[PDB]
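Report on the structure given below.
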Amino acid sequence: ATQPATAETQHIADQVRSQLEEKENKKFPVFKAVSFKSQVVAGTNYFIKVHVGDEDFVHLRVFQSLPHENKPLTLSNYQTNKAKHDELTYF
């Protein structure tokens, strides 16, 4: 289940912000992780709801490799145009 963001969630979000900014061709007035859920695969998928200013939100899908293969966090996919009350659905 989705849980409120911790500092670790903000760190994961921060590591992919530039990938998002590049794909969106803009910068964000704010980038605050608010909640997340995680999913074990071969590695771990993090789904993160992030406030990006004015009651706008983005949902991120971030892939984290297992520690032992030392690869950075990658942005697998994202959804923009989300609201504060929107469920953090898998996608």
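Ordered as shown in the structure tokens, chains take letters A, B, and onward, while each chain numbers its residues from 1 and ligands are numbered from 1 in the order shown.
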
message = For the alpha helix (DSSP H) assignment from backbone DSSP, which residues of chain A qualify? Please present them as a PyMOL selection string.
response = chain A and resi 7-24

request  = Compile the contact shell of range 38-42 of chain A as number ranges by chain: residues with an atom at most 12 Å away, counting only C-alpha atoms, same-chain residues fewer than 2 positions apart removed.
outcome  = A: 1-5, 9, 12, 35-36, 44-49, 60-69, 88-91

Keeping only C-alpha atoms, write the selected residues as a CSV table (one decimal), in the first residue's frame.
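Written file, again.csv:
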chain,number,residue,atom,x,y,z
A,1,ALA,CA,0.0,0.0,0.0
A,2,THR,CA,1.0,3.6,-0.6
A,3,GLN,CA,2.8,5.2,2.3
A,4,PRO,CA,3.8,8.8,2.9
A,5,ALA,CA,7.2,9.8,1.4
A,9,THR,CA,11.7,8.6,-1.3
A,12,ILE,CA,14.9,8.6,-5.3
A,35,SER,CA,3.9,9.3,-1.1
A,36,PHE,CA,5.1,6.0,-2.7
A,44,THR,CA,12.5,-2.8,-7.3
A,45,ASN,CA,10.0,-0.5,-8.9
A,46,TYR,CA,9.2,2.6,-7.0
A,47,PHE,CA,6.0,4.4,-7.8
A,48,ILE,CA,6.2,7.9,-6.4
A,49,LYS,CA,3.6,10.7,-6.3
A,60,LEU,CA,6.9,8.4,-11.4
A,61,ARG,CA,7.8,4.8,-12.1
A,62,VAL,CA,11.5,4.4,-11.0
A,63,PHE,CA,13.5,1.3,-11.5
A,64,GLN,CA,16.1,0.5,-8.9
A,65,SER,CA,18.6,-2.2,-9.7
A,66,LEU,CA,19.7,-4.7,-7.0
A,67,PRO,CA,22.6,-3.2,-5.0
A,68,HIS,CA,25.0,-5.8,-6.2
A,69,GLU,CA,24.9,-4.6,-9.9
A,88,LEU,CA,-1.0,6.2,-7.0
A,89,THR,CA,-1.9,3.4,-9.4
A,90,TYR,CA,0.6,0.9,-10.9
A,91,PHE,CA,1.3,1.8,-14.5

Quick one: everything within 10 Å of residue 82 in chain A, counting only C-alpha atoms, minus sequence neighbours fewer than 6 positions away in the same chain. Send it as a PDB file with C-alpha atoms, in the first residue's frame.
ATOM      1  CA  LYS A  49       3.564  10.729  -6.300  1.00  0.00           C
ATOM      2  CA  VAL A  50       5.380  14.057  -6.495  1.00  0.00           C
ATOM      3  CA  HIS A  51       4.059  17.581  -6.039  1.00  0.00           C
ATOM      4  CA  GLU A  55      -1.686  21.414  -6.784  1.00  0.00           C
ATOM      5  CA  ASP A  56      -0.133  19.729  -9.888  1.00  0.00           C
ATOM      6  CA  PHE A  57       1.327  16.254  -9.424  1.00  0.00           C
ATOM      7  CA  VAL A  58       3.330  13.735 -11.414  1.00  0.00           C
ATOM      8  CA  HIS A  59       3.484  10.000 -10.776  1.00  0.00           C
ATOM      9  CA  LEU A  88      -1.013   6.174  -7.004  1.00  0.00           C
TER      10      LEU A  88
END

key: Residue contacts of residue 20 in chain A (9 Å, only C-alpha atoms) excluding same-chain residues fewer than 4 positions away, as a ChimeraX atom specification   = /A:16,24-27,60,75,78

query = So which residues of chain A fall under strand (DSSP E or B) by DSSP, listed as a PyMOL selection string?
reply = chain A and resi 3-4+32-41+43-53+56-64+74-82

Suppose we keep C-alpha atoms; can you now write the selection as a JSON list (two decimals), in the first residue's frame?
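out_36.json, written as the output of this step:
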[["chain", "number", "residue", "atom", "x", "y", "z"],
["A", 3, "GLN", "CA", 2.75, 5.22, 2.30],
["A", 4, "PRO", "CA", 3.80, 8.79, 2.94],
["A", 32, "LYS", "CA", 8.34, 17.18, -3.40],
["A", 33, "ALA", "CA", 7.82, 13.43, -3.00],
["A", 34, "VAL", "CA", 4.58, 12.97, -1.14],
["A", 35, "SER", "CA", 3.88, 9.26, -1.12],
["A", 36, "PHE", "CA", 5.07, 6.03, -2.74],
["A", 37, "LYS", "CA", 4.67, 2.32, -3.13],
["A", 38, "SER", "CA", 7.28, -0.20, -4.06],
["A", 39, "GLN", "CA", 7.21, -3.45, -5.93],
["A", 40, "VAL", "CA", 9.75, -6.23, -5.92],
["A", 41, "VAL", "CA", 10.78, -7.41, -9.40],
["A", 43, "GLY", "CA", 15.30, -5.13, -8.48],
["A", 44, "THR", "CA", 12.55, -2.80, -7.26],
["A", 45, "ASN", "CA", 10.01, -0.54, -8.91],
["A", 46, "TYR", "CA", 9.17, 2.62, -7.00],
["A", 47, "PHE", "CA", 6.02, 4.44, -7.82],
["A", 48, "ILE", "CA", 6.15, 7.95, -6.43],
["A", 49, "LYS", "CA", 3.56, 10.73, -6.30],
["A", 50, "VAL", "CA", 5.38, 14.06, -6.49],
["A", 51, "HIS", "CA", 4.06, 17.58, -6.04],
["A", 52, "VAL", "CA", 5.42, 19.83, -8.75],
["A", 53, "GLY", "CA", 3.73, 23.12, -7.76],
["A", 56, "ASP", "CA", -0.13, 19.73, -9.89],
["A", 57, "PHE", "CA", 1.33, 16.25, -9.42],
["A", 58, "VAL", "CA", 3.33, 13.74, -11.41],
["A", 59, "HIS", "CA", 3.48, 10.00, -10.78],
["A", 60, "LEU", "CA", 6.86, 8.44, -11.40],
["A", 61, "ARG", "CA", 7.84, 4.82, -12.06],
["A", 62, "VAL", "CA", 11.46, 4.43, -11.05],
["A", 63, "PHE", "CA", 13.52, 1.27, -11.47],
["A", 64, "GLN", "CA", 16.09, 0.46, -8.88],
["A", 74, "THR", "CA", 16.25, 4.99, -14.00],
["A", 75, "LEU", "CA", 12.95, 6.67, -14.79],
["A", 76, "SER", "CA", 10.97, 3.88, -16.49],
["A", 77, "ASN", "CA", 7.78, 5.91, -17.08],
["A", 78, "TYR", "CA", 5.71, 8.75, -15.63],
["A", 79, "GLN", "CA", 2.27, 10.31, -15.72],
["A", 80, "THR", "CA", 1.65, 14.00, -15.51],
["A", 81, "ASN", "CA", -1.61, 15.91, -14.95],
["A", 82, "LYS", "CA", -2.42, 14.25, -11.64]]

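Between CA of residue 10 in chain A and CA of residue 31 in chain A the separation is 8.5 Å.
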
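A straight line drawn from CA of residue 21 in chain A to CA of residue 72 in chain A is 17.0 Å long.
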